[PDB]
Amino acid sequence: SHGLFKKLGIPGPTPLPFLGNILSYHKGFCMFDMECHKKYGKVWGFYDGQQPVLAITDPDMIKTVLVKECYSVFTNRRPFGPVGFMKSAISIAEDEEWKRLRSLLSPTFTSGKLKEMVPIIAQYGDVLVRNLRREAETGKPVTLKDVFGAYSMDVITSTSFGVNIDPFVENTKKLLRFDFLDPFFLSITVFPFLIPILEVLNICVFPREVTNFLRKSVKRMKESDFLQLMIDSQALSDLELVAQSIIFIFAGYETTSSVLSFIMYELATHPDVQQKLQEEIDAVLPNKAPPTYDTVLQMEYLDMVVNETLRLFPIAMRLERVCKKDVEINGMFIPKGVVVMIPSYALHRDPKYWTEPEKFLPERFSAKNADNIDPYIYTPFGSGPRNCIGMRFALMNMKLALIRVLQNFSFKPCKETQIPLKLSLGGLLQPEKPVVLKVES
């Protein structure tokens, strides 16, 4: 099954037996995609064990997979197991169950519901300033991932459940941990046949206590909102309701806080960009005025900085869809069962599409130059019917933190500040050493 890309004429690295090309992941997913982007051109294929993966970079071919042929062919992502009761998660659901959950959780982040969350986040935006002021008046570098993690936890636990927590961050911080050095997930890539061995016999990849604590915490949350929508629509099951809460809690904590740490690093390493951003926030909101829903979307340089950070640090790295039947798109034959992959990290730094892609230049997303950006090359939230469902929720929650903090504090690098920031050469997109900076009031 390792002569597939040799048959279809698609170039790619030579695979090893059983392993395939997973030994090239020693530098990470990002470095392997960028080296293959230069060696084999626009389209190449490799093997994650015995699973063939076709990598595409053509925007028209990307649009056909993500948007056009979504509901028809490229509907589901790579099979991820064994998950146990987490098989009902919207991000892991497949075919008919996904559409029922996508439509059920779509009214969660409308313009009406997002406008209701502004006063709720406005409460947590004050404790963030008061806690940073304790570390500001005292010469002491702040681990931004910590203080932003608590801010990211209170927002998703209140805007989705109405419960104020002020053990969840400890249990949530230990939900993923996708380390390729761990032979377990390196085995699932090599042994896709061991997934049915653990599904019929009830074995999961997530630790029991991070799933038992959340299944019992959601039951305490069930005091008869995003939770209010899942009860009024309840045919939704009770155990299925827990699986969706784990997805929202983890995304609202890990994704928003890690990107916020990426933003503050770029602002501290580029003073003229942070200073120009502070002058704009003081103009739209003078005297440290509380931000509203309209003043957030009005700040465009705030949008030009966030969109530039998401280009440099796409926490997704890759988008994946599984070909469910024999098709031919843009004059290329993709057989059934092939995982079509779109290297987001490699495309966000393609010299063919970006000038000086290494350097932090928010001028790429200016309304004068944003017309030169392909929407299928810059996909930090994906695209099509199966993109990020909390895209507008994440872009709002991160900007609300950037407004309220830059109105009161200014960030400078420290001695222990890793410059340049080296990304984690492992699995998920994170810095090697934690992001630490000095806070000046």
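Numbers follow the displayed sequence, beginning with 1.
Trainee: As recorded in the PDB entry, how many deposited residues are without coordinates between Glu358 and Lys359: none, 1 to 3, 4 to 9, or 10 or more?
Mentor: Count of unmodelled residues in between: none.
Trainee: Does the chain run continuously from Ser224 to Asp225, or are deposited residues unmodelled in between? Answer none, 1 to 3, 4 to 9, or 10 or more.
Mentor: The entry leaves 10 or more residues without coordinates here.
Trainee: With respect to the recorded C-alpha B factors, which stretch has the higher mean value, 206 to 214 or 260 to 268?
Mentor: Per the deposited B-factors, the answer is 206 to 214.
Trainee: Mean C-alpha B factor from the entry: is it higher for 34 to 42 or for 376 to 384?
Mentor: Per the PDB entry, the higher value belongs to 34 to 42.
Trainee: For the C-alpha B-factor as written in the entry, point me to the maximum among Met304, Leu239, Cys323, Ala346.
Mentor: Among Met304, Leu239, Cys323, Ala346, the PDB entry lists the largest C-alpha B-factor for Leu239.
Trainee: Specify which of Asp350, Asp179, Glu308, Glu97 carries the largest Cα B factor in the deposited PDB entry.
Mentor: That would be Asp179.
Trainee: Consider only the C-alpha atoms of the modelled residues in this chain, order them by B-factor as the entry records it, and name the third containing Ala401: lowest, middle or highest.
Mentor: For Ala401, the deposited C-alpha B-factor lands in the highest third.
Trainee: By the record's CA B-factor, is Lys115 among the lowest, middle or highest third of residues in the chain?
Mentor: It falls in the middle third of the chain.
Trainee: Sorting the chain's modelled residues by C-alpha B-factor, tell me whether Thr64 ends up in the lowest, middle or highest third.
Mentor: Ranked within chain, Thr64 CA B lands in the lowest tercile.
Trainee: Taking the values exactly as deposited, rank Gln51 by C-alpha B-factor within its chain and report the matching third: lowest, middle or highest.
Mentor: Lowest third, going by the recorded CA B-factors of the chain.
Trainee: Ranking every modelled residue in this chain by its Cα temperature factor as given in the entry, which third contains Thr75?
Mentor: It belongs to the lowest third of the chain when residues are ordered by C-alpha B-factor.
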